[PDB]
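Peer 1: these chains are from a complex, not moved at all, and more is on the way:
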Amino acid sequence: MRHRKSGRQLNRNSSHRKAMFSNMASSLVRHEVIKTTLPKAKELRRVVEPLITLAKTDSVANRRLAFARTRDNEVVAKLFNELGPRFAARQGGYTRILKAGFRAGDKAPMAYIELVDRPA
Amino acid sequence: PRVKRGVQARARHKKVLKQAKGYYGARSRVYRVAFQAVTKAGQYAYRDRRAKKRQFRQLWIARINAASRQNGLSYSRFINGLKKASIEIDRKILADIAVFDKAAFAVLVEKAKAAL
Amino acid sequence: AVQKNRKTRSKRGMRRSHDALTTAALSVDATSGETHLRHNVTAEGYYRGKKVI
Amino acid sequence: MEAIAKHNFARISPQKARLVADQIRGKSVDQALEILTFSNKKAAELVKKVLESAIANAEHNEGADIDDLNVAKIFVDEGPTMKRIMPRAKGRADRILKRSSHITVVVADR
Amino acid sequence: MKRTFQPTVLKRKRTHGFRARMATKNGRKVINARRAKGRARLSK
């Protein structure tokens, strides 16, 4: 029935989804703009935007939390050194999804997702 | 000598197919179904050439009855009247008169009434 | 399990009466004048008049 | 002025291609081109190539302008079928038909 | 599952080879038959 339920299965196990989103967040922090399928973009917001919020308060605790959720030291550094400071004032909506047609191979609805206020 | 059947075989099939123009589906396209169809059409056509003669006479009688009863006589009494008056106008004509010359029909009815 | 009578072309056609395709919602970008799927970026990277890619 | 492009022996089922042909039949060339551009159909890409060849043919082989052009006639005809064999279970083999299609587009300034 | 054809070359030759066919009367009958039929391959 799925009444009032949240979270897409994305035709995946939980452990896979968790892995996939951890990866995808790392990619988005690293490149600041990522092309994915639109449903994955929409889910990614629920993963990335909380990491950015965490990164607004710099602490050994919070860095370790971010590390736990990303397992990437380059990402954690960029989060706490760059992205947190950037989005300090901003109250949510750190990312932006731009729909971008279909993928050639499977005509999957695709979208760009990017950080807001990219210096580029 | 060896005889190939093609050219004549096709002509037979085509003859039937041409007779089955206008039938639905297979019955106009496919020889096996068309043949059956063209046969039953011939059967019906034989039966109906007979039954046409019955249907038309029923129609006339129905019309003559209408007209006679408008002129105050039953079909059954009108035919007897005419017979007794020695009037030998067919139902096909009577029914034509009942439609196209209502006055004449009334005359015939008046003649019929007198004979009864 | 299986048909007892081959289906006519008519009835086959009747089934495919709903098989027709519908077109995409398009729009034209203000700046680039490029047609695009409405709500989607253009091929040149515009969305609602701004270069976003 | 008429120009006709054909794509003979196109690897696409006529039934599939015909759905896209139905989308652009009677349409202007500019309108047809956008309809095919934002199609997700394989058929739309084959058909778009034919339509473009037809437009080219009218501009070059005739004297015409893309502006004054309509999909005058479009049709897909059954091409030859490559037969192939698919193994099924219990040693049974089924035939696969690889249908092909002949796509014809005609464009006309009228 | 183990299927019936479990080839070894040696067993193919010793059974169906030319020198095997030629060794026996009835084998030679086979070679002659195949040679008469026009068979490109007389032996395995």
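Peer 2: Good, I have the coordinates. Numbering: from 1, shown residues only, chains lettered A, B, ... in the order given.
Peer 1: Regarding the residue nearest the centre of chain B, which helix or strand does it belong to?
Peer 2: Chain B has residue B:52 as the residue nearest its centroid, 2.5 Å off, counting by Cα atoms, centre = their mean. Element membership of residue B:52 [criterion: DSSP states H and E] is helix B:31-70.
Peer 1: so what does that helix touch, helix or strand wise?
Peer 2: helix B:6-19, helix B:26-29, helix B:75-84, helix B:91-100, helix B:102-115 (3 or more Cβ pairs under 8 Å, 6 or more residues apart in numbering or on different chains; DSSP states H and E). Just so you know, the C-beta spots here come from the backbone N, C-alpha and C atoms, and that holds for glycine as well.
Peer 1: Would you state the helices of chain D in chain order?
Peer 2: D:14-24, D:29-37, D:42-60 (DSSP state H).
Peer 1: again but with chain A, I slipped
Peer 2: Under DSSP H, chain A gives helices at A:14-31, A:38-54, A:60-70, A:73-78, A:84-86.
Peer 1: next one: chain E
Peer 2: E:9-16, E:18-23, E:25-37.
Peer 1: and chain A, which of those is closest to it?
Peer 2: Among those, helix E:9-16 comes nearest to chain A, with 46.9 Å by Cβ to the nearest Cβ.
Peer 1: can you slot in RNA strand F too:
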RNA sequence: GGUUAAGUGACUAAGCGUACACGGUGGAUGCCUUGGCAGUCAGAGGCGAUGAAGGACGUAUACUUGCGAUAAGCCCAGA
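Peer 2: With RNA strand F now in place:
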């Protein structure tokens, strides 16, 4: 003329049918035949250790045909 009422009622075709036109597919038919079939009259009625039948592998500036390290040939005589 308008309003109202009553009666009546075309114009829809998602699709489908029939007919026609023009096509596609397909490869029938017709015409054709460098192949067969049945004979007649002749020939020759065997080939093989002087290594056959049939092959393998080669051979010219893949396969078929020919040839055999003298390898699509060498010699000789006629034509």
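Peer 1: same question on what packs on helix B:31-70, but now with RNA strand F added
Peer 2: By 3+ Cβ pairs under 8 Å, 6+ apart, helix B:31-70 packs against helix B:6-19, helix B:26-29, helix B:75-84, helix B:91-100, helix B:102-115.
Peer 1: how far does that helix sit from the chain's center?
Peer 2: Chain-centre distance of helix B:31-70: 5 Å, with Cα atoms, centre = their mean, to the nearest Å.
Peer 1: Show me what counts as buried in that helix.
Peer 2: B:33-35, B:37-38, B:60-61, B:63-65, B:67-68 (16 or more other Cβ atoms under 10 Å in any protein chain shown).
Peer 1: again, but for stretch D:30-41
Peer 2: For stretch D:30-41, by 16+ other Cβ under 10 Å, it's D:32-36, D:38-39, D:41.
Peer 1: Please apply the same query to stretch A:16-23.
Peer 2: For stretch A:16-23, the neighbour count (16+ other Cβ under 10 Å) marks A:17, A:20-22 as buried.
Peer 1: And the furthest pair within the residues you listed?
Peer 2: Maximum pairwise distance among the buried residues of stretch A:16-23 (Cβ to Cβ): 9.5 Å, between A:17 and A:22.
Peer 1: Pick out the residue of chain E closest to chain A.
Peer 2: Residue nearest to chain A within chain E (Cβ to the nearest Cβ): residue E:1, separated by 33.9 Å.
Peer 1: tell me how far the ends of stretch C:30-48 are from each other?
Peer 2: Using Cα to Cα, to the nearest Å, the end-to-end distance of stretch C:30-48 comes to 7 Å.
Peer 1: could you also fit RNA strand G onto it:
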RNA sequence: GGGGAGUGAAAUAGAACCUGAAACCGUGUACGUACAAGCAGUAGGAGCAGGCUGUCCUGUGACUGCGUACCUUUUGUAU
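Peer 2: Okay, RNA strand G now, added to the rest:
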């Protein structure tokens, strides 16, 4: 893959190649068809559309009557 150009007597003789049937699949046009029940026709029949010029021809066929394929095998088959 095609369109021109060119070749050819012919290119819907263009190598997927003489002729090019049927099944089967399309596009176009006319007519019918969304209150109507069944071997799909038949006898009748309005309307519409083309011709020809309306007691004509062609196509379609609202509506009405009638009407349970074929073969085989059987005492007997819509079966």
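Peer 1: again for what packs on helix B:31-70, since RNA strand G is there now?
Peer 2: Helix B:31-70 sits against helix B:6-19, helix B:26-29, helix B:75-84, helix B:91-100, helix B:102-115, with contacts defined as 3+ Cβ pairs under 8 Å, 6+ apart.
Peer 1: out of these, which comes closest to residue A:40?
Peer 2: With Cβ to Cβ as the measure, helix B:26-29 is the member of the helices and strands packed on helix B:31-70 nearest residue A:40 (53.2 Å).
Peer 1: Run the contact check for the closest one versus RNA strand F.
Peer 2: Yes - residues of helix B:26-29 contacting RNA strand F under Cβ under 7 Å from any atom of the strand: residue B:28.
Peer 1: hmm, who's touching that helix?
Peer 2: With contact meaning Cβ atoms under 8 Å, 6 or more residues apart in numbering or on different chains, helix B:26-29 is reached by B:17, B:20-22, B:33-34, B:37.
Peer 1: What residues sit buried inside it?
Peer 2: Neighbour-count burial for helix B:26-29 [16+ other Cβ under 10 Å]: B:26-28.
Peer 1: now swap in stretch E:26-43 and tell me
Peer 2: For stretch E:26-43, burial by neighbour count (16+ other Cβ under 10 Å) applies to E:27, E:43.
Peer 1: What are the contacting residues of it?
Peer 2: E:16-18, E:20-22.
Peer 1: Can you show me the CA trace of it as CSV?
Peer 2: Taking Å, rounded to 0.1, in the frame of the first residue of the first chain, the C-alpha atoms of stretch E:26-43 are listed here in CSV:
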residue,chain,number,x,y,z
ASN,E,26,33.5,-56.1,-43.9
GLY,E,27,35.4,-53.0,-43.2
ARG,E,28,36.8,-53.0,-46.7
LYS,E,29,33.2,-53.5,-47.9
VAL,E,30,32.4,-50.2,-46.1
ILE,E,31,35.3,-48.3,-47.7
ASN,E,32,34.4,-49.6,-51.1
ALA,E,33,30.8,-48.7,-50.5
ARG,E,34,31.7,-45.2,-49.5
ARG,E,35,34.2,-44.9,-52.3
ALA,E,36,31.4,-45.9,-54.7
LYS,E,37,28.9,-43.5,-53.2
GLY,E,38,31.4,-40.7,-53.9
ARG,E,39,32.0,-39.9,-50.2
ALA,E,40,34.8,-37.4,-49.7
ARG,E,41,35.5,-39.0,-46.2
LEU,E,42,36.0,-42.7,-46.2
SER,E,43,37.1,-43.0,-42.6
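Peer 1: Great, nothing more from me.
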